[PDB]
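Visitor: Okay, handing you the structure first.
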Amino acid sequence: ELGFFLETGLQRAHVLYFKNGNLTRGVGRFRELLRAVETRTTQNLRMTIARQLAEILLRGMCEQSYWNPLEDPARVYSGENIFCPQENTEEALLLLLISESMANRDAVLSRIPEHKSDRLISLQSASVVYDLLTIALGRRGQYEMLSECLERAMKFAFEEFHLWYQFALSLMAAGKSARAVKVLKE
Amino acid sequence: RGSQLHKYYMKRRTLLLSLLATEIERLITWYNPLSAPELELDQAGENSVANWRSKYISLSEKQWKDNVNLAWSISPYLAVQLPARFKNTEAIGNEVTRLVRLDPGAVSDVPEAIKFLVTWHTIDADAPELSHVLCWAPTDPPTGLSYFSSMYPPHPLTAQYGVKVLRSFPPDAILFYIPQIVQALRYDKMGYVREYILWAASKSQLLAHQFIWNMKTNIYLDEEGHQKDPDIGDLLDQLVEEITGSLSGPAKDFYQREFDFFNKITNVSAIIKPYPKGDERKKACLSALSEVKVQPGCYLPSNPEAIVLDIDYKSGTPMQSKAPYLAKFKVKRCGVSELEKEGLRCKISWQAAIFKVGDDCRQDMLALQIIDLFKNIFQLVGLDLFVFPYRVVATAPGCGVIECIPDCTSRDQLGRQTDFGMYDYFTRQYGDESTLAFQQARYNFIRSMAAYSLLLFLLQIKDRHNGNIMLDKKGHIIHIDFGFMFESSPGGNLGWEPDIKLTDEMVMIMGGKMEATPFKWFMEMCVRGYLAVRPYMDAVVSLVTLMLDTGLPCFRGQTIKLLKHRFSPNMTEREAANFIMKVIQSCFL
């Protein structure tokens with residue numbers, strides 16, 4: 001139940017690859033990592049790599065610098081009904097959506113009986129993932145689903161200025177007025 | 001297209017006619033409680049109204065939801081207020097709930113509209129979406145506290161709203177509802193209530209003293225105390241050890257002085273027990289009282305709005321019984337905020353206090369809270385009902401302090417002295433029935449008796465003998481010793497005792513004949529009071545529900561159903577008047 005040697009010996013490999021600059025090898029390794037069958041015990045690490053991909057796939061290439069994984073620039077999931085990625089925004093939104101959906105169920109519900117560290121870590125992770133989602137989605141001029149996502153995330157915020165302010169700004173930009181005024185007053 | 005406008009007017013005409021008929025019926029019912037054949041109005045209008053009511057009361061489930069849709073199309077406020085005008089059909093509530101769920105942003109009036117959205121499901125606990133209650137205006141404290149009981153499953157949004165509504169009131173209001181807050185910790189799977197308690201204790205001062213005094217007693221279960229409850233005993237110990245020590249400076253000195261003075265004045269009862277009955281006990285009690293000195297800044301726990309001035313060193317008088325006694329103090333009344341500010345720097349009457357050791361003092365708190373709520377309702381309505389809510393505070397397991405009403409005069413002592421009816425006593429005291437003083441005394445007696453009888457019927461209080469009723473100098477009658485209520489009944493639930501105690505002497509006080517005018521005044525007063533107190537069922541239900549797990553002997557499981565049934569929530573005003581008149585008349589002879 002203690003993964004101590006595999007994690008370092010596998011992660012520092014692509015860390016050094018990024019340090020040297022072998023971007024193609026690293027992104028191909030990530031692509032073949034994501035193709036593995038999901039494991040319930042590894043979900044947490046999945047989060048990491050997924051978010052890491054969302055960090056690199058938006059700031060390291062352009063449209064003409066994209067290539068299909070079947071060519072150079074046991075059981076594997078396949079089929080024809082699968083959603084083949086087309087553009088960077090498509091797969092980025094898909095990864096962010098699945099990450100948010102899987103992270104909502106893992107929330108600590110702000111237990112706060114006597115300890116605070118776990119809730120702080122959960123809040124930081126939620127904040128960073130929602131910030132990534134809103135920066136990814138706001139560029140296209142699509143606001144209402146952003147308002148919906150902030151409404152979904154509203155569960156965590158109790159005395160946080162950042163989340164309330166973001167939700168109010170998104171609601172006011174969407175078009176609604178009364179709710180925007182009420183959240184502005186709050 | 002004339003047909004469109006024609007039907008557009010016809011529907012509104014029909015709805016307006018129905019509403020006017022209902023309002024006129026309610027007003028004429030309120031006019032005279034009894035039938036009163038002498039009083040009469042236009043016959044044709046009454047007949048037409050009755051015919052229209054009969055015509056409209058036969059509507060099926062259909063052609064009535066469309067009425068709700070039309071009312072919503074007119075104005076959402078009218079649709080929300082529609083179920084208040086009672087219609088004996090459950091489709092109205094379902095349609096209103098569906099409409100308000102479809103668009104919750106159209107309404108922001110909290111006292112009625114919140115309950116149509118808060119309970120998406122009563123106990124099912126599903127579908128966590130579209131619930132945004134972080135914008136509704138604050139409501140009454142009982143409504144917020146209802147979310148922490150067993151009525152609703154826990155949910156973060158409801159708890160957050162409850163904390164928010166609880167954190168928008170002056171300290172005295174929170175001081176009124178202290179026991180419910182501490183009892184809410186049992187179902188508090190979360191820690192929001194604990195954080196609110198810590199914040200409130202840090203903010204004010206007297207709230208902390210009330211909190212510690214209440215929580216000291218509740219840790220144990222028995223009267224003497226040898227078995228801590230396995231549920232929240234450890235949590236109570238942790239909270240009490242956490243709250244103390246945090247305070248420092250003048251507040252710490254004030255707390256230490258107050259607690260030391262209370263311990264010094266309390267230990268006398270324990271000290272006096274070994275000495276047997278006799279003058280030796282009385283003189284020892286006097287010496288012990290003389291030993292204690294007066295410390296400036298102290299205040300009586302039962303009366304947190306006064307500052308004690310001095311103690312009388314000759315008023316000690318233990319009573320029969322367990323070693324209780326009676327004490328007399330000279331006190332000054334200042335207030336609450338001024339007292340709070342003056343306690344950190346250093347209209348005068350006398351008060352009497354009774355200290356009881358070894359008996360529970362928790363049911364009386366519920367009884368007096370309900371009495372105070374009824375008094376507030378009656379005062380707001382504008383009627384004339386007299387009730388005296390004497391105060392009492394329990395401080396230690398089995399230990400409590402009870403206020404004494406000024407000029408105490410027990411009925412049992414007067415009966416022993418006279419061995420005759422109270423009518424002769426009143427005639428001797430005031431004179432013949434033709435004088436004005438007798439009339440005023442009779443009016444006050446009727447005022448007190450009507451309210452007390454209504455309360456006694458409503459709360460189902462048993463064991464009311466001649467030794468419990470208290471008579472004042474003016475003529476009002478006051479009840480005491482509310483130990484038995486709801487289900488508890490001395491003698492083995494024989495049940496031959498009537499709901500309302502009416503002897504022959506009290507009847508002949510009112511003239512002795514059912515056709516006498518004072519009896520009619522009493523009847524109409526009771527009917528009006530019962531009709532006025534009805535629309536506040538939910539608050540009392542929540543208050544009595546929140547404390548079901550204290551394990552008091554009175555509770556037996558079926559109290560809630562009977563209490564809700566006794567209010568008759570599916571009844572019209574005239575039927576309610578008929579019911580109350582019938583139940584009152586059935587208890588006579």
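If you're wondering about the labels, chains in the structure tokens are A, B, ... by order shown, residues count from 1 in each chain, ligands from 1 in order shown.
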Given only C-alpha atoms, how would the per-residue table for chain B near chain A read, listing every residue at most 7 Å away with its closest atom pair and distance in Å to one decimal, sorted by chain and number, as CSV?

Guide:
```
residue,atom,partner,partner_atom,distance
B:135,CA,A:182,CA,6.8
B:190,CA,A:111,CA,6.6
B:191,CA,A:113,CA,5.9
```

Visitor: Quick one: residues within 12 Å of region 6-9 of chain A, only C-alpha atoms counted, chain neighbours fewer than 6 positions away excluded, as a compact mmCIF listing (two decimals) with C-alpha atoms, in the first residue's frame?

Guide:
```txt
# COMPACT_ATOMS: atom_id res chain seq x y z
CA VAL A 15 10.81 15.77 -15.34
CA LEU A 16 14.35 15.44 -16.70
CA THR A 42 -4.83 5.62 -8.48
CA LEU A 45 -2.53 10.59 -9.26
```

Visitor: Residues of region 47-170 of chain A classed as alpha helix (DSSP H) by DSSP on the backbone are to be reported as a PyMOL selection string.

Guide: chain A and resi 47-56+88-104+117-138+144-153+161-170

Visitor: Could you give me, as a VMD selection string, the residues within 9 Å of region 52-61 of chain A, counting only C-alpha atoms and dropping anything in the same chain fewer than 5 positions from it?

Guide: chain A and resid 23 27 30 47 66 88 to 89 92 to 93 95 to 96 132 136

Visitor: Which residues are close to residue 121 (chain A), i.e. within 12 Å by only C-alpha atoms, leaving aside same-chain residues fewer than 5 positions away? Reply as an MDAnalysis selection string.

Guide: chainID A and resid 106:108 110 115:116 126:128

Visitor: Any chance you can output those residues with N, CA and C atoms as an mmCIF file, in the first residue's frame?

Guide:
```cif
data_model
loop_
_atom_site.group_PDB
_atom_site.id
_atom_site.type_symbol
_atom_site.label_atom_id
_atom_site.label_comp_id
_atom_site.auth_asym_id
_atom_site.auth_seq_id
_atom_site.Cartn_x
_atom_site.Cartn_y
_atom_site.Cartn_z
ATOM 1 N N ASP A 106 -14.914 13.926 -4.222
ATOM 2 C CA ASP A 106 -13.819 13.736 -3.280
ATOM 3 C C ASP A 106 -13.650 14.907 -2.320
ATOM 4 N N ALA A 107 -14.582 15.855 -2.320
ATOM 5 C CA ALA A 107 -14.495 16.993 -1.418
ATOM 6 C C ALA A 107 -14.627 16.547 0.033
ATOM 7 N N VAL A 108 -13.998 17.313 0.932
ATOM 8 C CA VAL A 108 -14.043 17.009 2.358
ATOM 9 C C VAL A 108 -15.279 17.577 3.041
ATOM 10 N N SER A 110 -15.923 20.381 4.039
ATOM 11 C CA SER A 110 -15.527 21.310 5.097
ATOM 12 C C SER A 110 -15.853 20.732 6.474
ATOM 13 N N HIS A 115 -9.310 19.968 12.796
ATOM 14 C CA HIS A 115 -8.202 20.109 11.865
ATOM 15 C C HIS A 115 -8.622 20.926 10.648
ATOM 16 N N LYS A 116 -7.624 21.503 9.979
ATOM 17 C CA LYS A 116 -7.864 22.399 8.854
ATOM 18 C C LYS A 116 -7.041 22.088 7.611
ATOM 19 N N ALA A 126 -9.565 22.807 -5.613
ATOM 20 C CA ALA A 126 -10.788 23.252 -6.271
ATOM 21 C C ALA A 126 -10.607 24.629 -6.893
ATOM 22 N N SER A 127 -9.954 25.543 -6.171
ATOM 23 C CA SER A 127 -9.741 26.884 -6.694
ATOM 24 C C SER A 127 -8.900 26.853 -7.961
ATOM 25 N N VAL A 128 -7.816 26.074 -7.965
ATOM 26 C CA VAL A 128 -6.948 26.070 -9.138
ATOM 27 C C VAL A 128 -7.646 25.415 -10.326
#
```

Visitor: Just the residues within 8 Å of region 119-123 of chain B, please, counting only C-alpha atoms, with nothing from its chain fewer than 5 positions along; format it as a PyMOL selection string.

Guide: chain B and resi 151-153

Visitor: Take CA of residue 209 (chain B) and CA of residue 348 (chain B) and report the distance between them in Å, one decimal.

Guide: 24.6 Å

Visitor: How many Å lie between CA of residue 199 (chain B) and CA of residue 365 (chain B), rounded to one decimal?

Guide: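 Interatomic distance, CA of residue 199 (chain B) to CA of residue 365 (chain B): 25.3 Å.
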
Visitor: Tell me which protein, DNA and RNA residues are within 9 Å of residue 499 (chain B), counting only C-alpha atoms, leaving out same-chain ones fewer than 3 positions away, and put them as a PDB file with N, CA and C atoms, in the first residue's frame.

Guide:
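New file around11.pdb:
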```pdb
ATOM      1  N   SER B 453     -57.414  28.877  31.693  1.00  0.00           N
ATOM      2  CA  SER B 453     -58.157  27.702  31.253  1.00  0.00           C
ATOM      3  C   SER B 453     -57.785  27.316  29.828  1.00  0.00           C
ATOM      4  N   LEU B 456     -54.409  25.678  29.998  1.00  0.00           N
ATOM      5  CA  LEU B 456     -54.475  24.367  30.632  1.00  0.00           C
ATOM      6  C   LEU B 456     -55.044  23.326  29.681  1.00  0.00           C
ATOM      7  N   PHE B 457     -56.096  23.681  28.938  1.00  0.00           N
ATOM      8  CA  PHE B 457     -56.621  22.753  27.942  1.00  0.00           C
ATOM      9  C   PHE B 457     -55.605  22.494  26.839  1.00  0.00           C
ATOM     10  N   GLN B 460     -52.579  20.325  28.126  1.00  0.00           N
ATOM     11  CA  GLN B 460     -52.945  19.078  28.800  1.00  0.00           C
ATOM     12  C   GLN B 460     -52.178  18.916  30.113  1.00  0.00           C
ATOM     13  N   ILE B 461     -52.434  19.840  31.035  1.00  0.00           N
ATOM     14  CA  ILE B 461     -51.787  19.856  32.341  1.00  0.00           C
ATOM     15  C   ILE B 461     -52.678  19.126  33.335  1.00  0.00           C
ATOM     16  N   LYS B 462     -52.099  18.176  34.060  1.00  0.00           N
ATOM     17  CA  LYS B 462     -52.807  17.393  35.060  1.00  0.00           C
ATOM     18  C   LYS B 462     -52.341  17.792  36.457  1.00  0.00           C
ATOM     19  N   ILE B 584     -65.614  23.197  25.645  1.00  0.00           N
ATOM     20  CA  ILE B 584     -65.705  23.944  26.895  1.00  0.00           C
ATOM     21  C   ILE B 584     -66.970  23.565  27.654  1.00  0.00           C
ATOM     22  N   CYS B 587     -67.099  20.177  29.644  1.00  0.00           N
ATOM     23  CA  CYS B 587     -66.356  20.074  30.893  1.00  0.00           C
ATOM     24  C   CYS B 587     -67.088  20.693  32.076  1.00  0.00           C
TER      25      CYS B 587
END
```

Visitor: Just checking: using only C-alpha atoms, which residue out of B:488, B:183, B:108, B:369 ends up closest to residue 392 (chain B)?

Guide: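 Distance minimum relative to residue 392 (chain B) lands on B:369.
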
Visitor: Please, what distance in Å, to one decimal, runs between CA of residue 99 (chain A) and CA of residue 120 (chain A)?

Guide: 18.5 Å

Visitor: List every residue of region 166-222 of chain B that has an atom at most 10 Å from any atom of region 315-338 of chain B, giving for each one its closest atom pair and the distance in Å to one decimal, counting only C-alpha atoms, sorted by chain and then by ascending residue number, as a Markdown table.

Guide:
```
| residue | atom | partner | partner_atom | distance |
| --- | --- | --- | --- | --- |
| B:171 | CA | B:337 | CA | 9.7 |
| B:172 | CA | B:336 | CA | 8.5 |
| B:206 | CA | B:336 | CA | 9.2 |
```

Visitor: Quick one: everything within 10 Å of residue 68 (chain B), counting only C-alpha atoms, minus sequence neighbours fewer than 6 positions away in the same chain. Send it as an mmCIF file with N, CA and C atoms, in the first residue's frame.

Guide:
```cif
data_model
loop_
_atom_site.group_PDB
_atom_site.id
_atom_site.type_symbol
_atom_site.label_atom_id
_atom_site.label_comp_id
_atom_site.auth_asym_id
_atom_site.auth_seq_id
_atom_site.Cartn_x
_atom_site.Cartn_y
_atom_site.Cartn_z
ATOM 1 N N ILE B 74 -51.401 36.437 -12.865
ATOM 2 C CA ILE B 74 -51.748 37.769 -12.377
ATOM 3 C C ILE B 74 -50.586 38.365 -11.593
ATOM 4 N N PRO B 76 -47.287 36.824 -8.703
ATOM 5 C CA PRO B 76 -46.770 35.735 -7.858
ATOM 6 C C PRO B 76 -47.129 35.878 -6.390
ATOM 7 N N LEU B 78 -49.914 36.993 -5.062
ATOM 8 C CA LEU B 78 -51.257 36.460 -4.861
ATOM 9 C C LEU B 78 -51.246 34.936 -4.848
ATOM 10 N N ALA B 79 -50.474 34.323 -5.747
ATOM 11 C CA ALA B 79 -50.378 32.867 -5.764
ATOM 12 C C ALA B 79 -49.770 32.341 -4.471
ATOM 13 N N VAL B 80 -48.742 33.021 -3.958
ATOM 14 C CA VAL B 80 -48.114 32.593 -2.713
ATOM 15 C C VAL B 80 -49.088 32.716 -1.546
ATOM 16 N N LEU B 82 -52.315 32.588 -1.735
ATOM 17 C CA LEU B 82 -53.544 31.825 -1.949
ATOM 18 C C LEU B 82 -53.754 30.700 -0.940
ATOM 19 N N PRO B 83 -52.777 29.832 -0.646
ATOM 20 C CA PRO B 83 -53.036 28.761 0.333
ATOM 21 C C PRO B 83 -53.342 29.265 1.732
ATOM 22 N N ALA B 91 -53.956 19.744 -3.702
ATOM 23 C CA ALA B 91 -53.381 20.054 -5.006
ATOM 24 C C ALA B 91 -52.810 21.465 -5.050
ATOM 25 N N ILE B 92 -53.370 22.383 -4.259
ATOM 26 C CA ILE B 92 -52.893 23.763 -4.257
ATOM 27 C C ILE B 92 -51.433 23.818 -3.830
ATOM 28 N N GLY B 93 -51.097 23.117 -2.745
ATOM 29 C CA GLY B 93 -49.725 23.124 -2.268
ATOM 30 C C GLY B 93 -48.755 22.527 -3.269
ATOM 31 N N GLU B 95 -49.103 22.320 -6.573
ATOM 32 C CA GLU B 95 -48.951 23.207 -7.721
ATOM 33 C C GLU B 95 -48.097 24.421 -7.374
ATOM 34 N N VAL B 96 -48.295 24.992 -6.182
ATOM 35 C CA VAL B 96 -47.484 26.132 -5.763
ATOM 36 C C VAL B 96 -46.021 25.730 -5.646
ATOM 37 N N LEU B 99 -44.560 25.408 -9.156
ATOM 38 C CA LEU B 99 -44.339 26.711 -9.777
ATOM 39 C C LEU B 99 -43.143 27.427 -9.161
#
```

Visitor: Using only C-alpha atoms for the distances, tell me which of A:181, A:84, A:105, A:69 is nearest to residue 24 (chain A).

Guide: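 Once distances to residue 24 (chain A) are computed over only C-alpha atoms, the minimum belongs to A:69.
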
Visitor: Between A:12, A:144, A:39, A:103, which residue has the minimum interatomic distance to residue 26 (chain A), considering only C-alpha atoms?

Guide: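 Nearest to residue 26 (chain A): A:12.
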